[PDB]
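Please read the structure below before turning to the comments.
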Amino acid sequence: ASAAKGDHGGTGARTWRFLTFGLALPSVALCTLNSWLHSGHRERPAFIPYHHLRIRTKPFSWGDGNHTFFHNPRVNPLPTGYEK
Amino acid sequence: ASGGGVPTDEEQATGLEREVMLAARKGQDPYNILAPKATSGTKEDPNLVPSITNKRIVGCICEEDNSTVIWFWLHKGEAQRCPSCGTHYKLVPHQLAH
Amino acid sequence: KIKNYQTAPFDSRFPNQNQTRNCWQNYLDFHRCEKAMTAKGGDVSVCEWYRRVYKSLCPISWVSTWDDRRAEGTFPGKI
Amino acid sequence: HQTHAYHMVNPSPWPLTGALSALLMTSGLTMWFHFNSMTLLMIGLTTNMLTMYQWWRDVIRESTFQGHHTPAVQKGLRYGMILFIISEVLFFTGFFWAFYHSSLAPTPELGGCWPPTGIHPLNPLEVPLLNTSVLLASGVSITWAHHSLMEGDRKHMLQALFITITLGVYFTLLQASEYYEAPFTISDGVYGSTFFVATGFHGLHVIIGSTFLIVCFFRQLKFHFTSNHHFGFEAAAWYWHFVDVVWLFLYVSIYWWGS
Amino acid sequence: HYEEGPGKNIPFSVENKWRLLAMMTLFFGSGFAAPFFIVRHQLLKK
Amino acid sequence: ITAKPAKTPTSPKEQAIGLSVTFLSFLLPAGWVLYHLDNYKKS
Amino acid sequence: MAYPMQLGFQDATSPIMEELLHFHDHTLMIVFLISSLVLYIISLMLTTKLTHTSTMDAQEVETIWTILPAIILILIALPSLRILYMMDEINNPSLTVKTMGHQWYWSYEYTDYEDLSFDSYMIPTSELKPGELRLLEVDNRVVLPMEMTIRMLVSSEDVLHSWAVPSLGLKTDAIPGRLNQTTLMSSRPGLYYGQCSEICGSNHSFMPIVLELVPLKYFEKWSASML
Amino acid sequence: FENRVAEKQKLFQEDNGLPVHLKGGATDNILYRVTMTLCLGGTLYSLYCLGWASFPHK
Amino acid sequence: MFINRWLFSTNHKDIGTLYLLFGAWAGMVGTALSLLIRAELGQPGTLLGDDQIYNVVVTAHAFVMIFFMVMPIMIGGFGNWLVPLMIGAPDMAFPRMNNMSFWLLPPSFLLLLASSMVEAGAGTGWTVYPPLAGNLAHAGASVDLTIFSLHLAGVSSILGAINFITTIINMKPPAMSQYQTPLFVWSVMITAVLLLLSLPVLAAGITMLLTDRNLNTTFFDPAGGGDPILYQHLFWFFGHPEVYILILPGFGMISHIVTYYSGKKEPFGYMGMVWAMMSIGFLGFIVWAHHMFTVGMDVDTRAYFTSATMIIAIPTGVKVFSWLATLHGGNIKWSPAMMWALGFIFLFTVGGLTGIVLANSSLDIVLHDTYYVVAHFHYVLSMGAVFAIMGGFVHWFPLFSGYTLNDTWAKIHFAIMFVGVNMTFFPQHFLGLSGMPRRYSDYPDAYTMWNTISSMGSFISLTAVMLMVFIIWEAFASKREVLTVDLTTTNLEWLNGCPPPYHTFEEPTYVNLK
Ligand SMILES: CCCCCCCCCCCCCCCCCC(=O)OCC(COC(=O)CCCCCCCCCCCCCCCCC)OC(=O)CCCCCCCCCCCCCCCCC
Ligand code: HEA
Ligand code: HEA
Ligand SMILES: CCCCC/C=C\C/C=C\C/C=C\C/C=C\CCCC(=O)O[C@H](COC(=O)CCCCCCCCCCCCCCCCC)COP(=O)(O)OCCN
Ligand SMILES: CCCCC/C=C\C/C=C\C/C=C\C/C=C\CCCC(=O)O[C@H](COC(=O)CCCCCCCCCCCCCCCCC)COP(=O)(O)OCCN
Ligand SMILES: CCCCC/C=C\C/C=C\C/C=C\C/C=C\CCCC(=O)O[C@H](COC(=O)CCCCCCCCCCCCCCCCC)COP(=O)(O)OCCN
Ligand SMILES: CCCCC/C=C/C/C=C\CCCCCCCC(=O)O[C@H](COC(=O)CCCCCCCCCCCCCCC)COP(=O)(O)OCC[N+](C)(C)C
Ligand SMILES: CCCCCC/C=C\CCCCCCCCCC(=O)O[C@H](COC(=O)CCCCCCCCCCCCCCC)COP(=O)(O)OC[C@@H](O)CO
Ligand SMILES: CCCCCC/C=C\CCCCCCCCCC(=O)O[C@H](COC(=O)CCCCCCCCCCCCCCC)COP(=O)(O)OC[C@@H](O)CO
Ligand SMILES: CCCCCCCCCCO[C@@H]1O[C@H](CO)[C@@H](O[C@H]2O[C@H](CO)[C@@H](O)[C@H](O)[C@H]2O)[C@H](O)[C@H]1O
Ligand SMILES: CCCCCCCCCCO[C@@H]1O[C@H](CO)[C@@H](O[C@H]2O[C@H](CO)[C@@H](O)[C@H](O)[C@H]2O)[C@H](O)[C@H]1O
Ligand SMILES: C[C@H](CCC(=O)O)[C@H]1CC[C@H]2[C@@H]3[C@H](O)C[C@@H]4C[C@H](O)CC[C@]4(C)[C@H]3C[C@H](O)[C@]12C
Ligand SMILES: C[C@H](CCC(=O)O)[C@H]1CC[C@H]2[C@@H]3[C@H](O)C[C@@H]4C[C@H](O)CC[C@]4(C)[C@H]3C[C@H](O)[C@]12C
Ligand code: CUA
Ligand SMILES: [O-][O-]
Ligand SMILES: [Cu+2]
Ligand SMILES: [Mg+2]
Ligand code: NA
Ligand SMILES: [Zn+2]
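Chains as they are written, first to last, in the deposited numbering: chain T, 1 to 84; chain S, 1 to 98; chain U, 7 to 85; chain P, 3 to 261; chain Y, 2 to 47; chain Z, 1 to 43; chain O, 1 to 227; chain W, 1 to 58; chain N, 1 to 514.
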């Protein structure tokens, strides 16, 4: 493709700034809008003690060794059902 | 987007980098970045080999596209020739470091 | 009913040396068939072939484990 | 006094302090994973941080102030940087191999499906899409910085360079969030394993590239770079683009197709 | 400026051949020796 | 490859010492460890 | 089994391992041809006073010692690839048997009809009944019908093992979670011996395989008795 | 911010025959010594630890 | 003025020497480790205890020889020494990064040795396959120390490869194209490229195994939908390029030895030799699965991998026959080097041919994890890679030290070694064919003769190795300085004397264009 805009023969930093402010950052703004606009917590997944999940072959080297690094009791259960 | 305030090399390049730049300007290669252009390599018009010392390894590539360079020390004084093809070489010490 | 069965024949669906898939499929096929036929007043002897084929091919520790997991409600397969 | 153009480096202890710091980091991990202490690992991280500060200081001293980086020397540094990036690409390739191995041939213990049973995947049209838009934009902005620099514009180079840095920091925070709010862990099967090792390793390269850009920002503040000589920045922009691209393949592989 | 020429471009001294003999004897000797002591150390745990 | 003559020649005598020292430094440390293999299992 | 001072393969019990014998003879024939030429020609170069140290023409003979080695490889590849497909070929068998490796023994399972299964360990050196072979004897043997196409399935329950019977042309790695297949077919009844052909730790050398091949009659009866 | 590179050039090209890694001032010399100390400290400690790790424990 | 030289070096030569010294030592370790192995199989019964403490020995033997002996001698030693001297460069591109490349190796070795002192240690084989290398069947720092060893050794080689490539491209004279670099320089570059692409994949593979052991990932664990095979693919994808990394600089040194000692000015068919190496380089990347014919992949895949492996014979045959064409019409000076070199050519060819045997997926069923493989690879390494090192050593030892060896003694050495290694490995062919597996510490009764003879072989090899340590002492003892070197017109490395100055080429070579 060639996108759909226009330029290529008035080239330099000017053009690239024009893109930074006229396209790139507005794209980041729209996506930031969309995202902070499907938020609000999703109902947490009913625990099932599947044997192919919450794998413990050796204690983690921290905490009680049953808690992973970015553990969130809101959504991440331990091997024996959710916390409190 | 053309304000100013970024230095140029002319302005702020120093050390050996600078001397290379300043040389390049005049048309001189003190630090051997360009390949030397050959001559006829006869007794009359030998290949002038700049050195600083009294000797310097010449490498001869006797026929363009030979895969084997012929190596030998060129000494100060009289024009020596390549063992393979007998093209002539003369050491021309000094200049370089003024 | 089409028996006189010696062992599981060649199935083109699983033609190579990795027969893992063969055991897994035929085991599912059965317990799906068994489930479905009890819940619509029909015969389980139609499903009996898949039983034989999985029983033949699957290791016993595997079938042991899957049957334990189904009863425990943690069998990852759709049934 | 030499009559060639290459740089004969003054003897330095950093190779030794880095090699030794390697020993400590390796030992220290081994200690931490097994016999439960972190002392070694700390000391290693510190000896390493110090070895890098000093090695790279000297590189700046050798180039910006001593003037050793001739055209010859500098062309050689480009080959080095490119070759480094190639090995990094190959490193990431192992992790994609891993993902593709698992996801195309899902084992019976996953239910014979991808994703595995029990795994609830992130939505790509939400924050992963944001992150994508963030990094791509950071590619546009860094490109503006480079043209500004070549054109000799100090204000604009620094302005776009800041923007870039900011967008990388923004990605890092967004990603650190998603990590926390995610309903699966590195432990949750091969989904979790492939997801977090691969994204984790990328995440790490984002911090390193940001750090590397940040250094260029300060070197730029202190007037080091000229309109034609500024390899440090180039090397950084390459590395940054490399990071941009590794993200693009994560998005298409693990986030989109793998759900 | 560092020392050049035969025997001078190495981290060990070849000034006196018997001093050298022992140097080398401990150097290569240790290397060859080390695996055996490992196998020994491994055996004296159980 | 022409060599100059030995600055400090190593006589057949000396050579014989050299060779012996060299072979013992391998063969004792090993032999010692090797000899005591019954004593390591059944202490 | 291997007999002392053996040079080549165990004699061929299956018609597949026969096939692999003759392909090896074919290959070795070519190996001796080539390694003799290289020795001869080495000896030819070192045993003359005549000299020719000036420049030689590269582009001329390069064609010969590229084209002939290519020919020769086709002579090796064609049968190698024929036998390859022949090994893996459609076979509708009369029996399925599984074996599972463990640290450090094999367990076997015959489950076409019943739930006949058993472990099978090495007979330790100091419990052999004179005539019995050291490191190669199992208490419970793997009994199978001779002259019949048997499906073997090979998995493991711990680490990697590999289930090898050299005399039959069989070897199939035992991988956990993985159900590898191989057809087994003996031309003759007897005892045939194999050993674990992948590293598993401590007692890797001491977990052998022994097949006993007997007529269909005596196999059916061995089943009932083991039930 | 003003352009003090011109200076730093002069300081770092000075003939004092110190190598690049100490040429900045006395700061370097401490920083150097801190670095090295810790590396040697650590290396001894990791050997110490290797010592410990070989022989089992009640 | 010592610590500034040997701990803080920024000099290709001295870094070369450290590499050579490190490898020398490492050898002794591996050599000792090799005898511990043949000792154990030298008579029937047990000596040591069980397969565990044995396969520690086997495992550590392989790592020590591959990573700490061959690779540092060849690429680190002869690499750093000769490359710049051969292309007229004042040094490597990145001399300070170069020195770290070395100093990572002692720390790496330490870690590997610590692997074997703690717990029962690393008794997995050099492959390090899971699930055996897992935390269940191999708990404790045992393996995790090995992993970190390879990480550190992996980074050494990469930083080096970046250097070698950069250097060999960038720092030739202006007028010298790449088709005018000697054949050794070519062999290092290619080798470097294979390192750069291969090692990163290994690093990932062993980093994934590490996470499996310590962070509860399940890459290889069927429990979590993992696959033990995926490791094999990742390990072997590096694994094969590695075996070509170990022999390519050999090829290089052999081309240089054979040319020099038949008194030709160039080896025969330069571009062909260059081409062959690239072809071998390339085809080495698309074959890894020929170490996996018994894991149960698709027939059609095994078909592919059989054919793809065989093709390497062709560019390799070109190289073999070219060396011969170099000897042809030579004034053959029978130096110790030249004996090593001729040895290489025959014995290498032999190891290669047993490689072609094994390349047949059909046949490999029967020969996989049998001593036949152990023969194949000990021919190409122990009488291939190693003969090329020995030949390199005695040829160029004058250039490094400034002192000449005793050729008589050096010929005595060749003879002993030649018989030893042959007597050691040749019988293993039969052991393999008859059905003796790899990684066994005892064997059924019938295997007794061949294992016995073998182990008697390994002893003659020890005598050779011991003897060589003497031969090097003797060189240094007597102090025979070099007068005059032959054929310096076409061998630049020798053109600055023996040894050459700390700083060679301060003023660079003059090369005309035309
Ligand atoms: C050391 C142990 C000695 C054992 C001797 C065998 C006993 C005979 C019982 C006599 C018993 C005879 C009756 C039974 C028939 C055997 C049928 C069989 O089972 O068939 C299979 C057998 C039959 O194989 C053979 O066709 C004989 C094997 C010997 C090969 C010839 C080389 C011998 C050189 C000298 C001795 C070796 C040491 C030097 C090694 C040299 C390094 C290559 O085993 C193999 O397939 C071995 C495959 C090894 C592959 C090596 C690659 C080739 C390198 C040598 C080329 C040299 C040619 C130039 C000409 C020669 C130039 C040197
Ligand atoms: C330097 C080391 C090195 C080298 C150079 C090679 C070279 C080759 N290797 Fe080998 N190999 C190993 C080291 C090496 N290998 C190691 C260490 C293992 C074991 C791994 C483990 O621990 O499990 C191994 C294992 C191995 C296996 C696995 C067997 C198994 O475990 O089941 C196979 C299978 O194909 C193989 C093939 C080859 C081939 C085809 C070549 C080719 O390069 C051969 C090239 C040479 C020739 C072919 C001869 C010269 C050519 C001519 C004279 C021309 C004419 C020739 C013909 C017409 C045929 N190798
Ligand atoms: C370079 C690699 C290399 C080298 C040189 C060797 C050398 C030897 N090897 Fe090794 N070996 C391997 C790599 C190597 N090996 C690998 C990869 C395996 C497979 C591991 C596994 O199964 O996991 C293996 C496996 C292996 C086994 C299999 C054990 C089993 O599975 O049961 C045996 C058994 O005999 C063995 C024996 C020997 C012997 C007797 C030597 C003798 O030849 C040794 C004699 C010594 C030398 C030839 C070196 C002397 C020279 C120097 C030290 C250089 C001197 C220095 C300077 C001049 C600077 N080896
Ligand atoms: C499922 C998919 C199925 C499809 C698959 C099929 C195909 C895959 C796609 C592509 C592969 C095909 C072909 C590639 C082969 C050859 C391309 C050759 C181009 C080239 O190499 O030409 C050179 C580059 O030219 C130049 O500048 C470049 C000049 C550019 C001219 C066009 C620019 C103007 C058009 C508008 C530009 C758009 C602006 C974008 C920004 C907006 C973003 C939103 C020649 O240099 P030159 O002209 O002297 O420069 C003068 C410039 N001052
Ligand atoms: C957000 C982006 C920034 C990420 C970086 C921030 C902090 C971590 C620091 C360093 C990590 C460096 C590299 C990545 C290594 C491993 C992947 C870790 C990915 C990760 O950080 O993901 C976390 C797992 O961390 C865990 O357990 C493990 C905790 C981390 C320590 C693991 C031990 C380190 C392993 C070292 C091996 C390195 C070998 C590389 C070799 C070098 C190249 C040759 C996720 O938490 P979770 O609860 O599972 O799920 C979320 C639940 N809602
Ligand atoms: C699902 C799987 C997912 C995995 C995929 C992941 C990622 C995708 C891959 C890659 C994308 C990543 C990052 C890209 C961003 C930036 C890279 C840097 C770009 C750059 O700036 O490089 C420029 C171009 O590079 C050049 O030519 C190149 C210079 C190369 C020099 C080194 C050469 C050594 C290697 C051999 C080269 C081969 C030569 C060709 C013939 C070989 C025959 C086979 C620099 O030019 P230069 O060298 O000064 O010119 C001088 C040469 N005369
Ligand atoms: C798969 C199995 C392997 C297959 C192996 C088969 C190999 C084929 C071997 C030989 C083929 C016979 C050679 C035929 C080509 C022409 C030979 C020739 O012509 O030989 C020489 C040509 O020199 C020159 O280029 C250079 C010399 C001639 C070229 C030959 C040199 C290489 C020969 C290889 C050495 C043996 C290695 C074999 C490898 C297995 C003759 O030199 P003259 O002094 O007469 O001329 C000089 C000028 N005059 C006319 C004015 C005097
Ligand atoms: C907990 C996790 C933490 C991880 C620790 C790592 C963290 C951060 C690392 C950040 C990288 C900082 C590197 C800064 C480099 C500064 C030196 C520099 O930028 O050097 C430049 C040269 O290039 C050069 O060597 C450039 C040298 C190449 C640098 C690239 C380094 C990549 C580092 C990656 C390391 C991690 C690998 C990942 C392992 C999993 C200097 O020359 P110029 O710029 O042309 O100036 C000259 C003009 O002024 C005169 O006219
Ligand atoms: C799990 C724990 C494991 C830990 C393992 C860690 C291993 C080692 C830790 C120590 C490494 C960090 C220390 C700093 C290294 C930076 C080297 C560097 O940046 O050096 C540059 C060379 O690399 C160039 O160009 C371009 C190439 C830059 C290479 C950057 C090196 C980063 C080190 C990590 C490599 C990761 C590889 C990952 C891929 C698998 C400069 O060359 P020098 O010869 O130095 O100077 C030459 C002068 O002319 C310059 O004026
Ligand atoms: C390849 C590149 C590899 C990159 C380097 C690897 C990085 C590993 C970083 C580990 O960092 C540590 O993690 C611990 C989390 O567990 C933190 O708190 C811990 O520290 C205390 C000290 O023991 C414990 O007791 C506490 O409970 C615990 O929260 C600790 O602050 C932090 O430094
Ligand atoms: C694989 C390489 C090894 C190959 C074999 C090496 C050949 C042996 C050379 C040195 O061996 C010596 O052997 C002696 C045995 O005769 C040992 O003495 C042992 O026995 C003596 C009595 O016979 C006592 O004096 C000592 O206490 C006792 O250690 C002695 O320590 C050991 O050095
Ligand atoms: C064309 C190229 C180099 C020529 C040059 O620019 O110097 C040469 C070098 C090696 C040659 C190859 C090798 O000699 C091997 C092959 C030999 C056959 O004679 C032709 C194909 C063959 C594959 C050759 C084709 C071609 O002539 C090559 C590739
Ligand atoms: C070995 C690898 C998969 C490894 C893995 O499971 O991770 C697979 C991926 C793609 C495969 C290849 C592609 O399918 C293309 C070819 C297909 C032919 O049927 C066999 C050879 C063939 C060249 C394949 C060989 C091999 O099975 C490959 C290379
Ligand atoms: Cu089971 Cu080896
Ligand atoms: O790999 O041989
Ligand atoms: Cu291979
Ligand atoms: Mg195997
Ligand atoms: Na034994
Ligand atoms: Zn000439």
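Beta carbons are placed, not taken as given, at the ideal position from N, Cα and C, and that holds for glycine.
- prompt: Beta carbon of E198/O: closer than 7 Å to some heavy atom of ligand 17?
  reply: By 1-based counting over the seventh sequence, the position of residue 198/O is 198. Answer for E198/O: yes, Cβ within range of ligand 17.
- request: Rounded to whole angstroms, what's the CA-CA distance from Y241/P to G211/P? Just pull it up for me.
  value: Mapped onto the fourth sequence, residue 241/P falls at position 239. Mapped onto the fourth sequence, residue 211/P falls at position 209. About 6 Å.
message: Do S434/N and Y447/N count as a contact pair if the criterion is CB distance below 8 Å?
response: Residue numbering aside, residue 447/N sits at position 447 when the ninth sequence is read from its first letter. Residue numbering aside, residue 434/N sits at position 434 when the ninth sequence is read from its first letter. Yes, they are a contact pair.
message: Quick check on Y218/O: does DSSP put it in helix, strand or coil?
response: Against the seventh sequence, residue 218/O aligns to sequence position 218. Reduced to three states, the DSSP call for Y218/O is helix.
message: Extract the residue ranges of the alpha helix (DSSP H) inside the region 350–379 of chain N, only unbroken runs of 4 or more that lie entirely within it.
response: 361–367
field: For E481/N, the three-state DSSP class (helix, strand or coil)
entry: Mapped onto the ninth sequence, residue 481/N falls at position 481. Strand.
Chain T within 8 Å of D246/P, Cβ atoms only: What you label residue 246/P is simply residue 244 of the fourth sequence in a count that begins at 1. No, because no Cβ of chain T sits closer than 8 Å to the Cβ of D246/P.
DSSP beta-bridge partners of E109/O: Sequence index remark: in the seventh sequence, residue 109/O carries index 109 (1-based). Partner(s): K98/O, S117/O.
message: Checking 8 Å against the spacing of the C-beta atoms, do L34/S and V58/S come in under that value?
response: For the purposes of this step, residue 34/S is identified with residue 34 of the second sequence, where counting begins at 1. For the purposes of this step, residue 58/S is identified with residue 58 of the second sequence, where counting begins at 1. Contact: no.
message: List, from N- to C-terminal side, the alpha helix (DSSP H) runs of 4 residues or more that fit wholly inside the region 12–65 of chain S.
response: 15–26
task: Would you mind sorting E220/O into buried or exposed? The rule is 16 or more other CB atoms within 10 Å of its CB.
output: Residue numbering aside, residue 220/O sits at position 220 when the seventh sequence is read from its first letter. Its Cβ having fewer than 16 others within 10 Å, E220/O is exposed.
- prompt: What distance in whole Å lies between the Cβ atoms of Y40/Z and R20/Y, which are believed to be in contact at a cut-off of 8 Å?
  reply: Locating residue 20/Y in the fifth sequence gives position 19, where the first residue counts as 1. Locating residue 40/Z in the sixth sequence gives position 40, where the first residue counts as 1. Contact doesn't hold; Cβ gap of about 36 Å is too wide.
query: What separation, rounded to the nearest whole angstrom, lies between the Cα atoms of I312/N and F251/N?
result: Sequence index remark: in the ninth sequence, residue 312/N carries index 312 (1-based). Sequence index remark: in the ninth sequence, residue 251/N carries index 251 (1-based). One C-alpha to the other measures close to 15 Å.
- prompt: For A70/O, is the classification buried or exposed, using 16 other Cβ atoms within 10 angstroms of its Cβ as the cut-off for buried?
  reply: The residue given as residue 70/O occupies position 70 in the seventh sequence. Per the 10 Å Cβ criterion, exposed.
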